[PDB]
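Enquirer: Output the structure for:
(chains A, B, C, D, E, F, G, H, I, J and K, ligands or ions: 16)
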Amino acid sequence: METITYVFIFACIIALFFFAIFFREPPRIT
Amino acid sequence: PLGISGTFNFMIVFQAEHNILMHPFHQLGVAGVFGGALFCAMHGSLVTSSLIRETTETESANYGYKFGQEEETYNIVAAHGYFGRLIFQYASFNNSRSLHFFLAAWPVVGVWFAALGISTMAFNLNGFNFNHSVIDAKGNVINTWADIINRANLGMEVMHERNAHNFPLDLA
Amino acid sequence: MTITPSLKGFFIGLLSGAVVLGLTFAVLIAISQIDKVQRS
Amino acid sequence: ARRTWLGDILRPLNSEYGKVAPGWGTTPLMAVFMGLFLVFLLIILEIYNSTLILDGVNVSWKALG
Amino acid sequence: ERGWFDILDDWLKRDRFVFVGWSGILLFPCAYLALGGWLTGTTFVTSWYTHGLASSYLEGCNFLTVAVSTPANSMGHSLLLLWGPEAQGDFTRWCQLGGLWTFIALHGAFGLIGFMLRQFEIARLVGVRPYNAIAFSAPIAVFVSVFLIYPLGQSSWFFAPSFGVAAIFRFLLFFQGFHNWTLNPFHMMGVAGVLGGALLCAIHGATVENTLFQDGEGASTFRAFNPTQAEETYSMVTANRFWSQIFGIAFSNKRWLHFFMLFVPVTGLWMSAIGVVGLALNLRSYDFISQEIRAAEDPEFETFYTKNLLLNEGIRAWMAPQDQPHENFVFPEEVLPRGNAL
Amino acid sequence: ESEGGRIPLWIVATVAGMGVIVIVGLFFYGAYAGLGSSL
Amino acid sequence: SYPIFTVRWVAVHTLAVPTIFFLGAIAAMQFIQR
Amino acid sequence: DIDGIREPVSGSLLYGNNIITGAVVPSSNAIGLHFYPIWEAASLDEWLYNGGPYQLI
Amino acid sequence: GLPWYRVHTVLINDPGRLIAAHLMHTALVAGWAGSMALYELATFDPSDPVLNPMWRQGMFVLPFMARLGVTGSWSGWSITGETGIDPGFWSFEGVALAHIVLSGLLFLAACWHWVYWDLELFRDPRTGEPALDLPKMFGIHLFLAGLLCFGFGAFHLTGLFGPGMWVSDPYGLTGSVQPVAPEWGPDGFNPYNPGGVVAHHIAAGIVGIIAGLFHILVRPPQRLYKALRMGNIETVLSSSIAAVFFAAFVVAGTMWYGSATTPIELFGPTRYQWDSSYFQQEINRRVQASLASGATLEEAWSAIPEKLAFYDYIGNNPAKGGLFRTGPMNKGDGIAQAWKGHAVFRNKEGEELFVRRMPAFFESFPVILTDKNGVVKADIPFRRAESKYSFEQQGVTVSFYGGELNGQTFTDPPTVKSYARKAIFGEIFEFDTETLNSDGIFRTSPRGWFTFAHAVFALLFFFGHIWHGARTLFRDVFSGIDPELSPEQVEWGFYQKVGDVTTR
Amino acid sequence: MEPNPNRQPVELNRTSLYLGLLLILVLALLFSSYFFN
Amino acid sequence: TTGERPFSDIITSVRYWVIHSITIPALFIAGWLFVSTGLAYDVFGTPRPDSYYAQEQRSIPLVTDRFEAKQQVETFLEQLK
Ligand code: CLA
Ligand code: CLA
Ligand code: CLA
Ligand code: CLA
Ligand SMILES: CCCCCCCCCCCCCCCC(=O)OC[C@H](COP(=O)(O)OC[C@@H](O)CO)OC(=O)CCCCCCCCCCCCCCC
Ligand SMILES: CC1=C(/C=C/C(C)=C/C=C/C(C)=C/C=C/C=C(C)/C=C/C=C(C)/C=C/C2=C(C)CCCC2(C)C)C(C)(C)CCC1
Ligand SMILES: CC1=C(/C=C/C(C)=C/C=C/C(C)=C/C=C/C=C(C)/C=C/C=C(C)/C=C/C2=C(C)CCCC2(C)C)C(C)(C)CCC1
Ligand SMILES: CC1=C(/C=C/C(C)=C/C=C/C(C)=C/C=C/C=C(C)/C=C/C=C(C)/C=C/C2=C(C)CCCC2(C)C)C(C)(C)CCC1
Ligand SMILES: CCCCCCCS[C@@H]1O[C@H](CO)[C@@H](O)[C@H](O)[C@H]1O
Ligand code: OEX
Ligand SMILES: [Ca+2]
Ligand SMILES: [Cl-]
Ligand SMILES: [Cl-]
Ligand SMILES: [Fe+2]
Ligand SMILES: [Mg+2]
Ligand SMILES: [Mg+2]
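Expert: Numbers count the residues shown, from 1 in each chain, chains lettered A, B, ... in the order given. Ligands and ions are numbered 1, 2, ... in the order given. The coordinates are given below.
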């Protein structure tokens, strides 16, 4: 259970990186 | 080691073996990161202090800046007016370029000395050794805080890798 | 009265602090009054 | 806004918003109380710290006992 | 209306080389005495009677080894006032008992309050927001936690940090060996805020300097800035593209960026302070119970965590007799923990 | 008499700087001799 | 044209006067032998 | 076996570590500065005992 | 819209909803206290106040109930170990039920104050704008606080109309709830004198009534009203948070050092009692009085109360815990069952030897035995090859006086060493480690946990004070600085007085 | 009742979601070892 | 500009150096003699090299009584001679 929990959190962080990069709010100039 | 506790092990053994705390390059490194943190907070606080009113109380001040706007978003004259009075005038930067260069240089140079500390203790030029440097009129050793450090270091030295040494000196 | 040596010390500390602060304020007030800001 | 029986009774207690006495008013009297309070705190602090030691005042579990 | 208070207020707030203010009345004496006490002690004053140590230039120490050392453990948490029951007005005895330590710690504490009041007072006068004062709450929380709260939870001021370069190093190593402080997640958050802050300092300074607009003909580019100019001196749009492409994300909002630069190191310091408050009570992150259960039962089970505790046990046994002289420890050679040969 | 500029600033800097080097040097000398020398 | 005794003057000398006295003291210390 | 004394140190989560104790453990003192790619080991089991992942990483 | 960290700002100009939110916080807190008390009652074992008191069991609210006179359960037991006691309604259970009912009533009042927010009472009669007259509110509330404080002191603590408060002897052996008379002399400021807690409440209460009346009847000076922004409710938040961090540091300190309001029977002993061998010295005193009166050594040691011996054990020192070592002290060393008796070590020459005790700093400590003069006579060696003080070499034996092992002597080295290892912790106890699957690792008491939480929250509230104080005094620039800020206001020398345009 | 004029909409932008999720996930990664002990 | 004379004017003036060519060496010499005369040891209670231990003693004179600490230090000092 411990190992699963660590790996799960890490894998969520990795997914977050993906969304934060590729599915960011695009920066728009005025 | 590639790990959190492993990192601490490396640090404690390095201290035992090189007295890194007493090495001026690690000291420069500390000045580099404590100072980088200080100046980071200082820069952040001073620019944040001086943001120009562009928003109301029920919105984030962040909406007062638009990506790519031409006009600066804080008043550097006000920030300098502040900081120059906090200390005295000529201790504060009124040139943004000079400020931002200092912000780069301080941590970078300090961390280069940190790196060079490790890279030169790699060839066992170690921290300052003032073990028994203070002696009384008879020749009794009068400890200083260096000697207390030394006792801690000895603890680390004698316990580390407890089954690996067969001979009296740890030469590498 | 039962004034122990440490109560006497306490009074000495209190008096000393009051003198330091008293003199500090006396001097600052005096200077402020001598050297006034020019106004509208 | 809604009137109620109790709100009517209490009305005067929330009717002087902004009301002030002129200039410095009682500020000097306040300052005297604040100084006396600073000294009170210092006394109790120094008693607890054993910097001020008074007859009949044993700062220990063996106080009473 | 035009009274002495207002006249004094005028004088205190004149625009002069060194601003004074109302805050100055607290800040200047306290800062001067803390600094002066440190210089006085490191230059002339021993730690023989409190620690069994030489600690001054006078006795032969150098800049790295001098210190104003804490009072003896037997003083407990005495304020150690010059006119107090220990020194009884005798300046020499006061120095020998460690009175300069509480002198420096307490004038230093009030001095810091004065400095933060100054930050507020000046901000108010110039008409800026008081975020610099807000940020300085971190140094205050560190000073108060380490120099006051920590020893107050312990037996005495003896165990606070002594004011000295080597003395502070000893304090770090004490915390490793006795508290396993590296293991503490509050210290780890500290580390991340300090190193993160240093990172942000470096990277923001370098980014601005490398996205500058050409605003002059000079190859040395500092003169091409005017404090009063309206326009940004560097390109946020180019900076943003660069980092988006190198690292994947980038700042797009300058107000956010500079707020984050406050938040990171300030939050880190505040976390480290919380940990030290726990260490005041020996409430450590010393152990992982699961690790210890396994290792006790299985003599083949070894991690870097177990290795570090062996180091800690060495530190404690080898340093305690000289570092804690009031305990009169005598540890026979035969009890000292040692590995093979060394 | 007290006219600013009579002693050039580059000379003041050089002499002051040399003074700093001398006193700091004395301090390093002292690390090897007398108290604190280990001898 | 300029005053001599200012807050700045006081601040400078509160540091500078002791600093030179101290540097003289520490200089002398370099000649102390056990 | 970080120290080359046949005293293996556990670094991985599945072998009893948490995030704080875990590590990829340095290659063996027996190896020293020798280059220890996968293909210098007789097997992955040996490669693993001797701390081959460290060098690769 | 509003950022997440500002959502509650909607209440700043809405007194009715502010009252509602305050009511809901108060409901939550009182619900907590009721729930906490219920959980404690469902886990607390009242069967052994001597070796299994509340502070060994992770009890946090139980001791607060007991400090003020709640000592009995409806089930018939009392925390002093009495049976067949009738506590009336105000048992631990009745207090818990009262808190839960209170919670409910407060929740309902919140609902009403939320719905019916727009009351005329909350409007300034001159402007029609929402307004609170905070200076007069302060007077009203201070007067109330004073009445209550006075009443608590004069009726509850004295026993004149109420139960009194927990008091004990200097060694925490005979504690009970008693009426306490005020101490009006200087010893009233001794933190360890209960009579001063009474005199405090009586006197501060009277001061609060008087100052309350003042604050109701006399308006603030204009100069103070403007300086402290007394029209802005956030100034009250700033100063209130300051008062609260002060109070929180004070209760952390008095919990850590001990006082008449942090008694050791409720919270556990202090670290300082171990440091100074407070209990050991008294035990030794008692034994020596017994020997002088003509008792045998067995008799003398047998006369020591188990409860006294148990305080002279480092497992009860609150500075021996860990931040993530969770739960009751019993989860570590186990549930204490019995004193083994006093261990006397002797070498083959028959000299008494003394085990060096573990200081609280140390997670582990060597085993070293000295004669009465501090000379080393025996140890457990680490390296054996040059050992000269081993128990085998020195023929170290251990004999027990008092407790379960009274009259017994052990000579086999493994057993004598085992007892020496335990003697570093002070007096030796038999523990039940099975019932809770105890892991053998020390945990702190409620004295420790309370001190930690309060010191931490105190320090965090300092940031709260700074922050809300800043927001108050800088309200005008909190969306940013003057877009029209003249360079002259920040240019050196343009104004004689910084920021004063009348001084060009 | 007549509506309350003190109501304000609340916002959390995407970047703030991501920052917040990172904070929470990394805090959990850090504190989880201690919670398991 | 805040009203005071520029430092660079001051330290390049002859009158500054007439004054400070006296006061600076005077202070430095006074500090020197504070040590060389032994006065520093007496003011601050710092042991001279011959005053850490009595001739045959190898025990640190540690203060162990808070309220008698002054007298303990005094007794330690008596033990030297
Ligand atoms: C803002 C300036 C300032 C502040 C905040 C402090 C603060 C402090 N100093 Mg420092 N100090 C200062 C300036 C300051 N100092 C200056 C300028 C000097 C050089 C003279 C010193 C020299 C000095 C020494 C030598 C020592 C201290 C010490 C102290 C501490 C204890 C002070 C105390 O108990 O006072 C108590 C007094 C007051 C708080 C004043 C209260 C005044 C009230 C409000 C008025 C009532 C007075 C009353 C009428 C008197 C009648 C008594 C009568 C019945 C006999 C405290 C940290 C001690 C220390 O650090 O020990 C470790 C110590 O030994 N200080
Ligand atoms: C002042 C608050 C306080 C204190 C001092 C105590 C004290 C105690 N409680 Mg109680 N309790 C409390 C509040 C408190 N409680 C509350 C609010 C609840 C409801 C949740 C409980 C419910 C409760 C239960 C169910 C039990 C206890 C028990 C206990 C005992 C064991 C405590 C323990 O193991 O802590 C362990 C403490 C920690 C591990 C420290 C946690 C530190 C956190 C995780 C830090 C968070 C960091 C943060 C995320 C970082 C932000 C960073 C960001 C800003 C950048 C002890 C007497 C136990 C007992 O023995 O009962 C008989 C027990 O079973 N209590
Ligand atoms: C009586 C105490 C108290 C009160 C009534 C308030 C009230 C307020 N504060 Mg302040 N503040 C306090 C103490 C207090 N503060 C303390 C101690 C600190 C330091 C930690 C702060 C630091 C602080 C900052 C930095 C900010 C505020 C802001 C605010 C305002 C908006 C709050 C909001 O919408 O949060 C909404 C909060 C959430 C939606 C979730 C918060 C979750 C927390 C972080 C974790 C869980 C908390 C847990 C449930 C609480 C347990 C209780 C605890 C005591 C143990 C509001 C007027 C804001 C402001 O000024 O707006 C203009 C603002 O930016 N406060
Ligand atoms: C770093 C510390 C610090 C800082 C920068 C501030 C800053 C502020 N406070 Mg806070 N405050 C503090 C600590 C601090 N506070 C402490 C420790 C308390 C006691 C609980 C308070 C209680 C407090 C209240 C009740 C109020 C403020 C207010 C304010 C604001 C206006 C300025 C003011 O009133 O200063 C106050 C002055 C000081 C902090 C300096 C005091 C110096 C003392 C008197 C020296 C004492 C020397 C001592 C006697 C020596 C003996 C020591 C002993 C150990 C021997 C500003 C945001 C006001 C506000 O928010 O307005 C909107 C407000 O109403 N503060
Ligand atoms: C031994 C120490 C060696 C370090 C030397 C290098 C220092 C500066 C480099 C930091 C880089 C940060 C990241 C890029 C940041 C960046 O982009 O900077 C850019 C910045 C300005 O760019 P410019 O184009 O205007 O000027 C550089 C050239 O184009 C020439 O005009 O560069 C400088 O200002 C250079 C200053 C050189 C002055 C000579 C070296 C001075 C030594 C300072 C250190 C003293 C050491 C004390 C140790 C105790
Ligand atoms: C404590 C006390 C007090 C006070 C005191 C004081 C206030 C003092 C001061 C003092 C001082 C004020 C001192 C000073 C000193 C100084 C010094 C000693 C310095 C040194 C320096 C150096 C050494 C430098 C070096 C350098 C340079 C120059 C540059 C760069 C490089 C270097 C860093 C190398 C009183 C009486 C109240 C009371 C009682 C106690
Ligand atoms: C200004 C300045 C400063 C200072 C500086 C200094 C202090 C400098 C010094 C300088 C110097 C002081 C220099 C010198 C030089 C010299 C030389 C360069 C020489 C040469 C010589 C030779 C080459 C010789 C040879 C010989 C031989 C080989 C043999 C025999 C003969 C003879 C001896 C001739 C400062 C940083 C503060 C600030 C900024 C500016
Ligand atoms: C409605 C009503 C009722 C009922 C009511 C009830 C049944 C209530 C309950 C209530 C309750 C049952 C409440 C509770 C509460 C609780 C709370 C409020 C808690 C909190 C918690 C917290 C806040 C935590 C925190 C933390 C954690 C989690 C971990 C560690 C750290 C800390 C401590 C921070 C009746 C029938 C009377 C009728 C009338 C009406
Ligand atoms: C004659 C018996 C030899 C063994 C001596 C046992 C030391 S005392 C022993 O200590 C344990 C903790 O380690 C407790 O859990 C247990 O209750 C207790 O009997
Ligand atoms: O391995 Mn890792 O640490 Ca470098 O020193 Mn030799 O070797 Mn081992 O001992 Mn010490
Ligand atoms: Ca078990
Ligand atoms: Cl190791
Ligand atoms: Cl070897
Ligand atoms: Fe910037
Ligand atoms: Mg020398
Ligand atoms: Mg000689």
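Enquirer: wait, what's in contact with residue E:207?
Expert: Going by C-beta atoms under 8 Å, 6 or more residues apart in numbering or on different chains, residue E:207 touches E:234, E:239, E:242-243. The C-beta positions use only the backbone N, C-alpha and C, and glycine is treated the same way.
Enquirer: Most neighbours among these, please name it.
Expert: residue E:239 (20 neighbours; other C-beta atoms under 10 Å in any protein chain shown).
Enquirer: Could you look up the SS state of that one?
Expert: Classification of residue E:239 using DSSP: H, G, I helix; E, B strand; the rest coil returns helix.
Enquirer: and the helix or strand harbouring residue E:207, how far from the chain's centre?
Expert: Counting by DSSP states H and E, the element that carries residue E:207 is helix E:185-209. Centre-to-centre, helix E:185-209 and its host chain are 16 Å apart (C-alpha atoms, centre = their mean, to the nearest Å).
Enquirer: Repeat that for stretch E:179-194.
Expert: Mean-position distance between stretch E:179-194 and its chain equals 14 Å (C-alpha atoms, centre = their mean).
Enquirer: Can you mark which positions in that stretch are buried?
Expert: Residues of stretch E:179-194 classed as buried by neighbour count (16 or more other C-beta atoms under 10 Å in any protein chain shown): E:179-190, E:192-194.
Enquirer: if we can go back for a sec, which ones among the contacts of residue E:207 also lie next to chain B?
Expert: When C-beta under 8 Å from any C-beta of the partner chain is applied, the members of the contacts of residue E:207 adjacent to chain B are residue E:234.
Enquirer: which ones among the contacts of residue E:207 are found in helices?
Expert: Under the assignment DSSP state H, those contribute E:239, E:242-243 to helices.
Enquirer: With chain F as the reference, measure out to whichever residue of the stretch 351-500 of chain I sits closest to chain D.
Expert: In the stretch 351-500 of chain I, the residue that lies nearest chain D is residue I:447 (13.7 Å; C-beta to the nearest C-beta). Counting by C-beta to the nearest C-beta, to the nearest Å, the separation of residue I:447 from chain F is 46 Å.
Enquirer: Could you pull up the residues touching that residue?
Expert: I:55, I:255-256, I:262, I:267-270, I:318.
Enquirer: want to throw those residues into TSV with neighbour count?
Expert: As requested, these are exported to TSV (neighbours: other C-beta atoms under 10 Å in any protein chain shown):
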residue	neighbour count
I:55	24
I:255	24
I:256	25
I:262	25
I:267	28
I:268	26
I:269	25
I:270	24
I:318	32
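Enquirer: Let me know how buried residue F:3 is, in neighbour terms.
Expert: Residue F:3 has 10 neighbours, counted by other C-beta under 10 Å.
Enquirer: again, but for residue J:23
Expert: Residues lying near residue J:23 (other C-beta under 10 Å) number 10.
Enquirer: Is the helix or strand hosting it in proximity to chain A?
Expert: Counting by DSSP H and E, the element that carries residue J:23 is helix J:14-36. Yes - between helix J:14-36 and chain A, judged by C-beta under 8 Å from any C-beta, the touching residues are J:14-15, J:18, J:21-22, J:25-26, J:28-29, J:32, J:36.
Enquirer: Just put the ones in helices among the contacts of residue E:207 in a markdown table and tack on distance to chain F.
Expert: Formatted as a markdown table, the ones in helices among the contacts of residue E:207 follow (distance: C-beta to the nearest C-beta, whole Å):
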| residue | distance to chain F |
| --- | --- |
| E:239 | 39 |
| E:242 | 41 |
| E:243 | 42 |
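Enquirer: Which single one of these is nearest to residue I:480?
Expert: For those, the closest approach to residue I:480 (C-beta to C-beta) belongs to residue E:239, at 22.7 Å.
Enquirer: right, and the closest one touches residue E:250 too?
Expert: Yes - the pair residue E:239 / residue E:250 is scored as a contact, 7.1 Å apart, by C-beta atoms under 8 Å.
Enquirer: rewinding a little: only the buried residues of the helix holding residue J:23, if you could.
Expert: Applying a neighbour-count criterion of 16+ other C-beta under 10 Å, one finds J:15-16, J:18, J:21, J:25, J:28-30, J:32-34, J:36 buried in helix J:14-36.
Enquirer: got the CA positions of that helix in CSV?
Expert: Taking C-alpha atoms only, helix J:14-36 is exported to CSV below (Å, rounded to 0.1, in the frame of the first residue of the first chain):
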residue,chain,number,x,y,z
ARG,J,14,-6.0,27.2,-14.9
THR,J,15,-2.4,28.2,-14.0
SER,J,16,-3.5,28.5,-10.3
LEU,J,17,-5.2,25.1,-10.5
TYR,J,18,-1.9,23.7,-11.8
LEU,J,19,0.2,25.5,-9.2
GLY,J,20,-2.2,24.4,-6.5
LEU,J,21,-2.2,20.7,-7.6
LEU,J,22,1.6,20.8,-7.7
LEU,J,23,1.8,22.2,-4.2
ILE,J,24,-0.6,19.6,-2.8
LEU,J,25,0.9,16.6,-4.7
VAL,J,26,4.5,17.5,-3.7
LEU,J,27,3.5,18.2,-0.1
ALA,J,28,1.8,14.8,-0.1
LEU,J,29,4.9,13.2,-1.6
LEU,J,30,7.0,14.8,1.1
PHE,J,31,4.7,14.2,4.1
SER,J,32,3.5,10.7,3.1
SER,J,33,6.6,8.9,4.5
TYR,J,34,6.0,10.5,7.8
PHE,J,35,2.3,9.6,7.8
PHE,J,36,3.2,5.9,7.2
